[PDB]
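Enquirer: As input, take my_file_27.tsv (TSV, C-alpha atoms and all ligand atoms):
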chain	number	residue	atom	x	y	z
A	11	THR	CA	25.85	11.93	-17.78
A	12	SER	CA	26.86	8.52	-16.41
A	13	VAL	CA	25.69	5.75	-14.08
A	14	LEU	CA	27.56	5.33	-10.80
A	15	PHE	CA	25.67	2.48	-9.09
A	16	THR	CA	22.87	0.35	-10.51
A	17	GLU	CA	20.24	-1.35	-8.37
A	18	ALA	CA	22.09	-4.66	-8.75
A	19	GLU	CA	25.26	-3.01	-7.43
A	20	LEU	CA	23.46	-1.26	-4.57
A	21	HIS	CA	21.84	-4.52	-3.47
A	22	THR	CA	25.17	-6.37	-3.55
A	23	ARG	CA	26.71	-3.89	-1.11
A	24	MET	CA	23.66	-4.20	1.15
A	25	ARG	CA	24.23	-7.97	1.27
A	26	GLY	CA	27.51	-7.66	3.15
A	27	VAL	CA	26.23	-4.64	5.08
A	28	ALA	CA	23.23	-6.60	6.35
A	29	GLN	CA	25.66	-9.44	7.07
A	30	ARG	CA	27.75	-6.91	9.02
A	31	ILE	CA	24.81	-5.43	10.95
A	32	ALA	CA	23.71	-9.00	11.70
A	33	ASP	CA	27.03	-9.83	13.37
A	34	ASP	CA	27.30	-6.62	15.42
A	35	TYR	CA	23.70	-7.07	16.67
A	36	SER	CA	23.88	-10.75	17.62
A	37	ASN	CA	24.36	-10.75	21.40
A	38	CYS	CA	21.63	-8.15	21.98
A	39	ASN	CA	19.20	-10.39	20.04
A	40	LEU	CA	15.94	-8.43	19.91
A	41	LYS	CA	12.74	-9.67	18.28
A	42	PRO	CA	9.36	-8.17	17.24
A	43	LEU	CA	7.13	-6.70	19.98
A	44	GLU	CA	9.94	-7.26	22.50
A	45	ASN	CA	12.65	-4.88	21.30
A	46	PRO	CA	12.17	-4.17	17.59
A	47	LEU	CA	15.36	-2.28	16.58
A	48	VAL	CA	14.06	1.18	15.65
A	49	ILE	CA	14.97	1.98	12.04
A	50	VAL	CA	15.09	5.78	11.93
A	51	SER	CA	14.45	6.96	8.37
A	52	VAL	CA	15.03	10.58	7.32
A	53	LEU	CA	12.40	11.60	4.75
A	54	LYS	CA	12.11	11.96	1.92
A	55	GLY	CA	15.16	10.70	0.07
A	56	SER	CA	15.72	7.69	2.33
A	57	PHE	CA	12.37	5.97	1.68
A	58	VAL	CA	13.69	3.90	-1.24
A	59	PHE	CA	16.76	2.82	0.73
A	60	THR	CA	14.63	2.02	3.79
A	61	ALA	CA	12.09	-0.23	2.07
A	62	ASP	CA	14.89	-2.29	0.51
A	63	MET	CA	17.11	-2.46	3.61
A	64	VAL	CA	14.53	-3.54	6.20
A	65	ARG	CA	13.68	-6.55	4.03
A	66	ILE	CA	17.32	-7.54	3.49
A	67	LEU	CA	17.86	-7.29	7.25
A	68	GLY	CA	14.89	-9.62	7.67
A	69	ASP	CA	16.54	-12.04	5.24
A	70	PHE	CA	19.50	-12.23	7.65
A	71	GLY	CA	17.28	-12.59	10.73
A	72	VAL	CA	17.25	-8.94	11.81
A	73	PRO	CA	13.75	-7.64	12.63
A	74	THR	CA	13.05	-3.93	12.30
A	75	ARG	CA	10.57	-1.18	13.16
A	76	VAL	CA	10.51	1.98	11.05
A	77	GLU	CA	9.94	5.54	12.24
A	78	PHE	CA	9.92	8.57	9.94
A	79	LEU	CA	10.86	12.21	10.45
A	80	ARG	CA	10.82	15.30	8.23
A	104	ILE	CA	11.89	5.83	22.26
A	105	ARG	CA	14.25	5.05	25.20
A	106	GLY	CA	15.49	1.62	26.24
A	107	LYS	CA	15.60	0.37	22.64
A	108	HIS	CA	18.34	0.28	20.03
A	109	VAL	CA	18.43	2.94	17.31
A	110	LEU	CA	19.81	2.70	13.76
A	111	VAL	CA	19.36	5.92	11.77
A	112	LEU	CA	19.17	5.51	7.98
A	113	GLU	CA	20.05	8.33	5.59
A	114	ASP	CA	19.93	8.18	1.81
A	115	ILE	CA	23.06	10.32	1.34
A	116	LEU	CA	25.71	11.56	3.79
A	117	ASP	CA	27.14	14.82	2.45
A	118	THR	CA	27.61	17.75	4.86
A	119	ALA	CA	26.58	15.46	7.76
A	120	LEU	CA	24.87	18.45	9.40
A	121	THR	CA	21.37	16.97	9.12
A	122	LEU	CA	22.53	13.60	10.46
A	123	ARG	CA	24.44	15.30	13.30
A	124	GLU	CA	21.28	16.95	14.63
A	125	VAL	CA	19.30	13.70	14.44
A	126	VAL	CA	21.91	11.57	16.24
A	127	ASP	CA	22.20	14.10	19.07
A	128	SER	CA	18.44	14.64	19.37
A	129	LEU	CA	17.85	10.88	19.46
A	130	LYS	CA	20.53	10.10	22.05
A	131	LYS	CA	18.67	12.31	24.55
A	132	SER	CA	15.90	9.70	24.94
A	133	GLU	CA	18.32	7.05	26.32
A	134	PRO	CA	18.80	4.72	23.33
A	135	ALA	CA	20.13	1.30	24.30
A	136	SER	CA	22.44	1.68	21.24
A	137	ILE	CA	22.84	4.06	18.30
A	138	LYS	CA	24.54	3.73	14.91
A	139	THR	CA	24.11	5.20	11.44
A	140	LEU	CA	23.62	3.47	8.07
A	141	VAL	CA	23.89	5.55	4.89
A	142	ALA	CA	23.46	4.43	1.29
A	143	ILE	CA	25.59	7.06	-0.47
A	144	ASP	CA	28.53	8.68	1.33
A	145	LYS	CA	30.36	11.77	0.06
A	146	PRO	CA	33.34	12.13	2.44
A	147	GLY	CA	34.66	15.13	0.50
A	148	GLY	CA	31.56	17.25	1.10
A	149	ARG	CA	31.62	17.33	4.89
A	150	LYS	CA	31.12	20.52	6.85
A	151	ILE	CA	31.86	18.63	10.10
A	152	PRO	CA	33.80	15.44	10.85
A	153	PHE	CA	31.39	12.50	10.90
A	154	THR	CA	31.93	8.79	10.22
A	155	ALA	CA	28.97	6.44	9.79
A	156	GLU	CA	29.24	2.91	11.13
A	157	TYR	CA	27.90	1.28	7.95
A	158	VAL	CA	28.15	2.67	4.42
A	159	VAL	CA	26.66	1.04	1.32
A	160	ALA	CA	28.81	2.86	-1.24
A	161	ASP	CA	31.13	5.85	-1.56
A	162	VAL	CA	30.62	8.53	-4.22
A	163	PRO	CA	32.94	11.38	-5.29
A	164	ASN	CA	31.89	15.00	-4.80
A	165	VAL	CA	29.28	15.29	-7.56
A	166	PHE	CA	25.54	15.94	-7.64
A	167	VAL	CA	23.69	12.65	-8.13
A	168	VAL	CA	20.08	11.46	-8.27
A	169	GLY	CA	18.25	8.15	-8.22
A	170	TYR	CA	17.43	5.57	-5.54
A	171	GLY	CA	15.58	8.19	-3.51
A	172	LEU	CA	18.00	11.02	-4.29
A	173	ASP	CA	16.29	13.99	-5.91
A	174	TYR	CA	16.72	17.36	-7.57
A	175	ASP	CA	13.82	19.63	-6.57
A	176	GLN	CA	11.55	16.66	-5.78
A	177	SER	CA	12.20	14.66	-8.94
A	178	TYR	CA	14.16	11.67	-10.29
A	179	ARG	CA	13.73	9.67	-7.07
A	180	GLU	CA	12.08	6.91	-9.12
A	181	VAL	CA	15.36	6.14	-10.92
A	182	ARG	CA	16.44	2.63	-9.91
A	183	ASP	CA	20.14	3.59	-10.21
A	184	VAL	CA	22.38	6.30	-8.77
A	185	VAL	CA	23.39	8.47	-11.74
A	186	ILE	CA	25.00	11.86	-12.35
A	187	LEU	CA	22.60	14.45	-13.75
A	188	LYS	CA	23.45	16.57	-16.78
A	189	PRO	CA	24.15	20.20	-15.79
A	190	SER	CA	22.17	21.74	-18.68
A	191	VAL	CA	18.87	21.15	-16.82
A	192	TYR	CA	19.32	24.08	-14.40
B	11	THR	CA	-0.64	-19.31	9.37
B	12	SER	CA	-0.40	-19.06	5.58
B	13	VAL	CA	0.99	-16.89	2.80
B	14	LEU	CA	-1.49	-14.89	0.72
B	15	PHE	CA	0.76	-12.96	-1.69
B	16	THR	CA	4.51	-13.27	-2.15
B	17	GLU	CA	6.71	-10.45	-3.43
B	18	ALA	CA	6.80	-12.10	-6.86
B	19	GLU	CA	2.99	-12.12	-6.93
B	20	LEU	CA	2.70	-8.53	-5.68
B	21	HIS	CA	5.12	-7.31	-8.35
B	22	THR	CA	3.24	-9.15	-11.11
B	23	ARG	CA	0.01	-7.33	-10.24
B	24	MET	CA	1.88	-4.01	-10.18
B	25	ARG	CA	3.06	-4.71	-13.74
B	26	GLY	CA	-0.43	-4.48	-15.21
B	27	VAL	CA	-1.40	-1.77	-12.73
B	28	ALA	CA	1.52	0.41	-13.83
B	29	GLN	CA	0.54	-0.46	-17.41
B	30	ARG	CA	-2.99	0.69	-16.53
B	31	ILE	CA	-1.90	3.93	-14.83
B	32	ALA	CA	0.35	4.57	-17.84
B	33	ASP	CA	-2.59	4.42	-20.25
B	34	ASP	CA	-4.95	6.57	-18.18
B	35	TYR	CA	-2.22	9.23	-17.73
B	36	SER	CA	-1.04	9.44	-21.35
B	37	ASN	CA	-2.75	12.56	-22.73
B	38	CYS	CA	-1.86	14.68	-19.69
B	39	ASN	CA	1.82	13.73	-20.20
B	40	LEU	CA	3.67	15.37	-17.30
B	41	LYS	CA	7.43	15.18	-16.76
B	42	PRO	CA	9.90	16.01	-13.94
B	43	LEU	CA	10.13	19.64	-12.76
B	44	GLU	CA	7.19	20.52	-15.04
B	45	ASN	CA	4.30	18.59	-13.49
B	46	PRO	CA	5.66	15.64	-11.50
B	47	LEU	CA	2.54	13.60	-10.60
B	48	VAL	CA	2.37	13.87	-6.81
B	49	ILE	CA	2.51	10.40	-5.26
B	50	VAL	CA	0.75	10.81	-1.91
B	51	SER	CA	1.97	8.12	0.50
B	52	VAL	CA	0.23	7.47	3.83
B	53	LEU	CA	2.83	6.53	6.46
B	54	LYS	CA	3.88	4.23	7.79
B	55	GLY	CA	2.57	1.03	6.23
B	56	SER	CA	2.68	2.34	2.65
B	57	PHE	CA	6.43	3.01	2.50
B	58	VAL	CA	7.29	-0.45	1.16
B	59	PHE	CA	4.56	-0.25	-1.49
B	60	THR	CA	5.62	3.29	-2.44
B	61	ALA	CA	9.32	2.58	-2.99
B	62	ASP	CA	8.47	-0.35	-5.27
B	63	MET	CA	5.65	1.35	-7.19
B	64	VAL	CA	7.37	4.64	-8.08
B	65	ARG	CA	10.17	2.66	-9.74
B	66	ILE	CA	7.80	0.41	-11.70
B	67	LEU	CA	5.94	3.52	-12.88
B	68	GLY	CA	9.29	4.87	-14.05
B	69	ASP	CA	9.85	1.64	-15.96
B	70	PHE	CA	6.67	2.40	-17.93
B	71	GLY	CA	7.60	6.06	-18.48
B	72	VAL	CA	5.62	7.57	-15.59
B	73	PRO	CA	7.64	10.05	-13.50
B	74	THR	CA	6.66	10.62	-9.88
B	75	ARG	CA	7.17	12.89	-6.88
B	76	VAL	CA	6.53	11.52	-3.40
B	77	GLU	CA	4.99	13.35	-0.44
B	78	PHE	CA	4.44	11.78	2.97
B	79	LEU	CA	1.85	12.34	5.70
B	80	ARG	CA	1.27	10.85	9.15
B	104	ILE	CA	-0.20	21.35	-4.09
B	105	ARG	CA	-2.81	22.77	-6.54
B	106	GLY	CA	-2.66	22.62	-10.34
B	107	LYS	CA	-0.94	19.22	-10.31
B	108	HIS	CA	-2.26	15.67	-10.50
B	109	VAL	CA	-2.59	13.62	-7.30
B	110	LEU	CA	-2.39	9.84	-6.84
B	111	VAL	CA	-2.78	8.76	-3.21
B	112	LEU	CA	-1.13	5.45	-2.28
B	113	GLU	CA	-2.31	3.36	0.67
B	114	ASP	CA	-0.83	0.06	1.80
B	115	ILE	CA	-4.21	-1.44	2.76
B	116	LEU	CA	-7.80	-0.30	2.14
B	117	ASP	CA	-9.98	-1.64	4.96
B	118	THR	CA	-12.51	0.70	6.60
B	119	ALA	CA	-11.63	3.39	4.00
B	120	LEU	CA	-12.14	6.04	6.69
B	121	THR	CA	-8.49	7.15	6.69
B	122	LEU	CA	-8.40	7.31	2.89
B	123	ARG	CA	-11.71	9.21	2.81
B	124	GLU	CA	-10.31	12.04	4.93
B	125	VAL	CA	-7.15	12.28	2.80
B	126	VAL	CA	-8.96	12.38	-0.55
B	127	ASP	CA	-11.31	15.12	0.67
B	128	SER	CA	-8.56	17.16	2.35
B	129	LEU	CA	-6.42	16.94	-0.80
B	130	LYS	CA	-9.18	17.91	-3.24
B	131	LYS	CA	-9.49	21.28	-1.46
B	132	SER	CA	-6.18	22.48	-2.93
B	133	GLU	CA	-7.45	22.22	-6.55
B	134	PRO	CA	-5.77	19.03	-7.80
B	135	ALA	CA	-5.67	18.78	-11.59
B	136	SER	CA	-6.68	15.11	-11.06
B	137	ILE	CA	-7.07	12.68	-8.15
B	138	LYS	CA	-7.15	8.88	-7.94
B	139	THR	CA	-6.26	6.23	-5.38
B	140	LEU	CA	-3.92	3.23	-5.64
B	141	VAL	CA	-3.98	0.61	-2.88
B	142	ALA	CA	-1.87	-2.54	-2.56
B	143	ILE	CA	-4.21	-4.66	-0.40
B	144	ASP	CA	-7.98	-4.15	-0.58
B	145	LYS	CA	-10.43	-5.64	1.93
B	146	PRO	CA	-13.87	-4.82	0.45
B	147	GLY	CA	-15.64	-6.68	3.26
B	148	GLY	CA	-14.23	-4.46	6.01
B	149	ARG	CA	-15.63	-1.13	4.83
B	150	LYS	CA	-17.34	1.29	7.19
B	151	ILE	CA	-18.21	3.54	4.22
B	152	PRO	CA	-18.64	2.86	0.50
B	153	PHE	CA	-15.35	3.56	-1.28
B	154	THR	CA	-13.89	2.18	-4.52
B	155	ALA	CA	-10.26	2.77	-5.43
B	156	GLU	CA	-9.36	3.32	-9.07
B	157	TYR	CA	-6.42	0.89	-9.02
B	158	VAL	CA	-6.03	-2.14	-6.73
B	159	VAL	CA	-3.00	-4.44	-6.66
B	160	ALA	CA	-4.71	-7.40	-4.98
B	161	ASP	CA	-7.85	-8.28	-3.03
B	162	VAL	CA	-7.71	-10.00	0.36
B	163	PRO	CA	-10.54	-11.56	2.42
B	164	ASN	CA	-11.47	-10.13	5.81
B	165	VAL	CA	-8.50	-11.36	7.86
B	166	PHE	CA	-5.68	-9.65	9.75
B	167	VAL	CA	-2.50	-9.73	7.65
B	168	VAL	CA	1.05	-8.41	7.89
B	169	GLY	CA	4.03	-8.03	5.58
B	170	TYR	CA	4.94	-5.68	2.73
B	171	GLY	CA	4.59	-2.68	5.02
B	172	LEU	CA	1.59	-4.03	6.93
B	173	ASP	CA	2.22	-4.26	10.66
B	174	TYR	CA	0.93	-5.42	14.02
B	175	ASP	CA	1.95	-2.90	16.70
B	176	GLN	CA	4.88	-1.62	14.61
B	177	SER	CA	6.34	-5.00	13.64
B	178	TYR	CA	6.54	-7.51	10.77
B	179	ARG	CA	6.67	-4.76	8.11
B	180	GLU	CA	9.99	-6.24	6.92
B	181	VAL	CA	8.25	-9.41	5.68
B	182	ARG	CA	8.58	-9.52	1.90
B	183	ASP	CA	5.21	-11.30	1.56
B	184	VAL	CA	1.65	-10.64	2.71
B	185	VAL	CA	0.86	-13.39	5.23
B	186	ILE	CA	-1.77	-14.15	7.86
B	187	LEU	CA	-0.48	-13.94	11.43
B	188	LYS	CA	-1.09	-16.67	13.97
B	189	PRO	CA	-3.63	-15.58	16.61
B	190	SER	CA	-1.69	-17.01	19.58
B	191	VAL	CA	0.65	-13.98	19.61
B	192	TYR	CA	-1.87	-11.62	21.25
A	201	LIG	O1	24.04	14.44	-4.68
A	201	LIG	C1	23.03	14.78	-4.17
A	201	LIG	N1	21.77	14.45	-4.77
A	201	LIG	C2	20.54	14.87	-4.14
A	201	LIG	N2	20.58	15.63	-2.88
A	201	LIG	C3	21.88	15.97	-2.26
A	201	LIG	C4	23.06	15.57	-2.86
A	201	LIG	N3	24.06	16.02	-2.09
A	201	LIG	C5	23.54	16.66	-1.05
A	201	LIG	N4	22.22	16.64	-1.15
A	201	LIG	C6	21.30	17.24	-0.20
A	201	LIG	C7	20.57	18.40	-0.87
A	201	LIG	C8	20.00	19.41	0.13
A	201	LIG	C9	21.05	20.42	0.59
A	201	LIG	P1	20.61	22.15	0.08
A	201	LIG	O2	21.19	22.43	-1.29
A	201	LIG	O3	19.11	22.30	0.04
A	201	LIG	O4	21.19	23.13	1.07
A	202	LIG	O1	-4.79	-6.59	7.99
A	202	LIG	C1	-4.29	-5.63	8.47
A	202	LIG	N1	-2.89	-5.65	8.81
A	202	LIG	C2	-2.28	-4.47	9.40
A	202	LIG	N2	-3.09	-3.27	9.65
A	202	LIG	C3	-4.53	-3.26	9.30
A	202	LIG	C4	-5.12	-4.38	8.74
A	202	LIG	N3	-6.41	-4.08	8.53
A	202	LIG	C5	-6.63	-2.84	8.95
A	202	LIG	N4	-5.50	-2.33	9.41
A	202	LIG	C6	-5.33	-1.00	9.96
A	202	LIG	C7	-5.02	-1.09	11.45
A	202	LIG	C8	-5.35	0.19	12.21
A	202	LIG	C9	-6.83	0.27	12.59
A	202	LIG	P1	-7.07	0.28	14.43
A	202	LIG	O2	-7.20	-1.14	14.92
A	202	LIG	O3	-5.88	0.94	15.10
A	202	LIG	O4	-8.33	1.04	14.78
A	203	MG	MG	12.95	-4.56	-4.87
A	204	MG	MG	19.04	13.25	2.73
A	205	MG	MG	17.00	17.11	-1.78
A	206	MG	MG	-2.69	2.01	6.27
A	207	MG	MG	-1.18	-0.48	11.84
Rewrite the structure of this file - the entire thing - as structure tokens.

Expert:
Amino acid sequence: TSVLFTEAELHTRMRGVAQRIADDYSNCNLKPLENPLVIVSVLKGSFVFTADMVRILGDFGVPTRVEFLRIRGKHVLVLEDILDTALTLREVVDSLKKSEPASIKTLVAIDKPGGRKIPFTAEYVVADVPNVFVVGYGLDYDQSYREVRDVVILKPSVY
Amino acid sequence: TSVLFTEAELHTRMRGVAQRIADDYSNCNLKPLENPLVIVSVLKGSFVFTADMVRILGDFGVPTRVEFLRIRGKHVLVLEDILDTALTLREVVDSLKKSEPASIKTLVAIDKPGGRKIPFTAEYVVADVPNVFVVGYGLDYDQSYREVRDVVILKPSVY
């Protein structure tokens, strides 16, 4: 029914976010093959946000290494497409911290603070969205509309 | 040691490729929720090429639905990041055709025809590359350098 964030807007947020993640990961200073910085992507919705973010991090001198789902001694940065109930991200963060990560943070593209079932605050957020059902930029409704380059609100008369 | 294809070059090829896949998939005409067109992505190297291609297909009116690895009644389009020995893509195409796909083709980003162990020709190819070891745009060496926005040839003195 309306567009919330276009691809130009989503990239602009990820400029300062990558600039933020660059500052907070300066003293550790890890490079390819040595320590890669394990980008933990949560399939399937976060594959659009992952392919764009790992490149922008490389633009600011932050190498990456991507693992997909749905260790130890190395830093971990979990990437979710949307942070709503935070239940799925809670289980991943706890299950990952078991294999002694040298650091762990979370980076989400769309954050819905009003739809939480448990208290959870991500370290880096691209954009905030009110409590509505949205698609685009990896977000889907029954495995569809992920190809939309913008985060939009779907019309309810499709159900 | 040199750059083979930049992101601007890789996108330009995917313009005519998406224009090609749009023509060959016109009469079937399948839309979200109905028949999605199952984009079959082969992790991990093909996640950069998948996030860029599904959007470009949407720009030419071609909806998608992405599945990841490493059915029946619906069209299948497998996407690989690089087509070298074609052994990995051979096993996927055969294993997918068992569950009665209403169509099946292959779309690769980088094709190395000189490195084949078995004869295999993909329907759509973004770009051809001579028999060298390359990284970037999802391509990796020991889970690294995927974040490079361009397809480049790595220096041998890193081994
Ligand atoms: O706004 C949204 N767009 C797409 N997916 C979303 C959104 N908010 C939460 N999700 C997760 C859906 C799965 C939870 P379930 O309904 O399967 O239990
Ligand atoms: O040029 C390339 N860059 C990155 N990966 C490539 C390339 N060519 C083939 N691959 C696959 C590697 C796995 C085969 P194995 O060595 O594990 O058997
Ligand atoms: Mg892009
Ligand atoms: Mg999700
Ligand atoms: Mg979903
Ligand atoms: Mg591959
Ligand atoms: Mg590899």

Enquirer: At a cut-off of 6 Å around ligand LIG 201 (chain A), and using only C-alpha atoms and all ligand atoms, what residues come up? Please write them as a list in words.

Expert: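 Those residues are residues 117, 166, 167, 168, 172, 173 and 174 of chain A.
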
Enquirer: Hey, which of A:150, A:107, A:182, A:130 ends up closest to chain B? Count all atoms listed in the file.

Expert: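 Looking at the shortest contact to chain B, the residue is A:182.
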
Enquirer: Can I get the residues of chain B within 12 Å of ligand MG 207 (chain A), each with the closest pair of atoms and their distance in Å to one decimal, using all atoms listed in the file, sorted chain first then ascending number, as a tab-separated table?

Expert:
residue	atom	partner	partner_atom	distance
B:52	CA	A:MG207	MG	11.4
B:53	CA	A:MG207	MG	9.7
B:54	CA	A:MG207	MG	8.0
B:55	CA	A:MG207	MG	6.9
B:56	CA	A:MG207	MG	10.4
B:80	CA	A:MG207	MG	11.9
B:113	CA	A:MG207	MG	11.9
B:114	CA	A:MG207	MG	10.1
B:115	CA	A:MG207	MG	9.6
B:116	CA	A:MG207	MG	11.7
B:117	CA	A:MG207	MG	11.2
B:121	CA	A:MG207	MG	11.8
B:166	CA	A:MG207	MG	10.4
B:167	CA	A:MG207	MG	10.2
B:168	CA	A:MG207	MG	9.1
B:169	CA	A:MG207	MG	11.1
B:171	CA	A:MG207	MG	9.2
B:172	CA	A:MG207	MG	6.7
B:173	CA	A:MG207	MG	5.2
B:174	CA	A:MG207	MG	5.8
B:175	CA	A:MG207	MG	6.3
B:176	CA	A:MG207	MG	6.8
B:177	CA	A:MG207	MG	9.0
B:178	CA	A:MG207	MG	10.5
B:179	CA	A:MG207	MG	9.7

Enquirer: Which distance in Å separates atom CA of residue B:119 and atom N3 of ligand LIG 202 (chain A), to one decimal?

Expert: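 About the pair atom CA of residue B:119 and atom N3 of ligand LIG 202 (chain A): they are 10.2 Å apart.
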
Enquirer: Set the cut-off to 8 Å and count all atoms listed in the file: what are the residues of chain B that reach chain A? Output as a PDB file with C-alpha atoms, keeping the file's coordinate frame.

Expert:
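Contents of iface22.pdb, freshly written:
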ATOM      1  CA  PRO B  42       9.900  16.010 -13.940  1.00  0.00           C
ATOM      2  CA  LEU B  43      10.130  19.640 -12.760  1.00  0.00           C
ATOM      3  CA  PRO B  46       5.660  15.640 -11.500  1.00  0.00           C
ATOM      4  CA  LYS B  54       3.880   4.230   7.790  1.00  0.00           C
ATOM      5  CA  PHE B  57       6.430   3.010   2.500  1.00  0.00           C
ATOM      6  CA  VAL B  58       7.290  -0.450   1.160  1.00  0.00           C
ATOM      7  CA  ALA B  61       9.320   2.580  -2.990  1.00  0.00           C
ATOM      8  CA  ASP B  62       8.470  -0.350  -5.270  1.00  0.00           C
ATOM      9  CA  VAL B  64       7.370   4.640  -8.080  1.00  0.00           C
ATOM     10  CA  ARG B  65      10.170   2.660  -9.740  1.00  0.00           C
ATOM     11  CA  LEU B  67       5.940   3.520 -12.880  1.00  0.00           C
ATOM     12  CA  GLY B  68       9.290   4.870 -14.050  1.00  0.00           C
ATOM     13  CA  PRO B  73       7.640  10.050 -13.500  1.00  0.00           C
ATOM     14  CA  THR B  74       6.660  10.620  -9.880  1.00  0.00           C
ATOM     15  CA  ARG B  75       7.170  12.890  -6.880  1.00  0.00           C
ATOM     16  CA  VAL B  76       6.530  11.520  -3.400  1.00  0.00           C
ATOM     17  CA  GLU B  77       4.990  13.350  -0.440  1.00  0.00           C
ATOM     18  CA  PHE B  78       4.440  11.780   2.970  1.00  0.00           C
ATOM     19  CA  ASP B 175       1.950  -2.900  16.700  1.00  0.00           C
ATOM     20  CA  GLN B 176       4.880  -1.620  14.610  1.00  0.00           C
ATOM     21  CA  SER B 177       6.340  -5.000  13.640  1.00  0.00           C
ATOM     22  CA  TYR B 178       6.540  -7.510  10.770  1.00  0.00           C
ATOM     23  CA  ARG B 179       6.670  -4.760   8.110  1.00  0.00           C
ATOM     24  CA  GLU B 180       9.990  -6.240   6.920  1.00  0.00           C
ATOM     25  CA  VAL B 181       8.250  -9.410   5.680  1.00  0.00           C
ATOM     26  CA  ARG B 182       8.580  -9.520   1.900  1.00  0.00           C
TER      27      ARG B 182
END

Enquirer: List as number ranges by chain: which residues have an atom within 8 Å of (-2.9, -16.3, 0.1), counting all atoms listed in the file?

Expert: B: 12-15, 162, 184-185

Enquirer: Fewer than 2 positions away in the same chain doesn't count, so skip those; otherwise give me all residues within 10 Å of stretch 34-36 of chain A, counting all atoms listed in the file, as JSON, numbers by chain.

Expert: {"A": [28, 29, 30, 31, 32, 38, 39, 40, 47, 71, 72, 108, 136]}

Enquirer: Can you tell me how far atom CA of residue A:139 sits from atom CA of residue A:156, in Å to one decimal?

Expert: 5.6 Å

Enquirer: As an exercise, work out the distance from atom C5 of ligand LIG 202 (chain A) to atom CA of residue B:27 in Å and give it to one decimal place.

Expert: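 Computed distance, atom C5 of ligand LIG 202 (chain A) to atom CA of residue B:27, equals 22.3 Å.
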
Enquirer: I need stretch 136-148 of chain B from the structure I supplied, saved as a compact mmCIF listing (two decimals), in the first residue's frame with N, CA and C atoms retained.

Expert:
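decode-v7.txt, written as the output of this step:
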# COMPACT_ATOMS: atom_id res chain seq x y z
N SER B 136 9.88 -27.31 -15.79
CA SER B 136 10.93 -26.78 -16.65
C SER B 136 12.22 -26.76 -15.84
N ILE B 137 13.37 -26.78 -16.50
CA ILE B 137 14.64 -26.72 -15.78
C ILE B 137 15.71 -26.15 -16.71
N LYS B 138 16.41 -25.12 -16.24
CA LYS B 138 17.53 -24.52 -16.93
C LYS B 138 18.57 -24.13 -15.89
N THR B 139 19.73 -23.70 -16.37
CA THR B 139 20.83 -23.31 -15.50
C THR B 139 21.35 -21.94 -15.88
N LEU B 140 21.65 -21.12 -14.87
CA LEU B 140 22.17 -19.78 -15.06
C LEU B 140 23.42 -19.63 -14.19
N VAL B 141 24.57 -19.46 -14.83
CA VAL B 141 25.84 -19.31 -14.12
C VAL B 141 26.39 -17.91 -14.38
N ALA B 142 27.12 -17.39 -13.39
CA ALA B 142 27.73 -16.07 -13.50
C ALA B 142 29.08 -16.13 -14.21
N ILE B 143 29.95 -17.03 -13.77
CA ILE B 143 31.27 -17.22 -14.36
C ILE B 143 31.34 -18.63 -14.93
N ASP B 144 31.74 -18.74 -16.19
CA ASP B 144 31.83 -20.02 -16.87
C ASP B 144 33.26 -20.25 -17.34
N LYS B 145 33.84 -21.38 -16.94
CA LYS B 145 35.18 -21.78 -17.37
C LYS B 145 35.04 -23.02 -18.25
N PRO B 146 34.80 -22.86 -19.55
CA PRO B 146 34.59 -24.04 -20.41
C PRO B 146 35.80 -24.95 -20.49
N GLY B 147 37.01 -24.42 -20.29
CA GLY B 147 38.21 -25.22 -20.36
C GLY B 147 38.53 -26.05 -19.14
N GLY B 148 37.72 -25.97 -18.09
CA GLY B 148 37.97 -26.73 -16.88
C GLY B 148 36.94 -27.80 -16.61
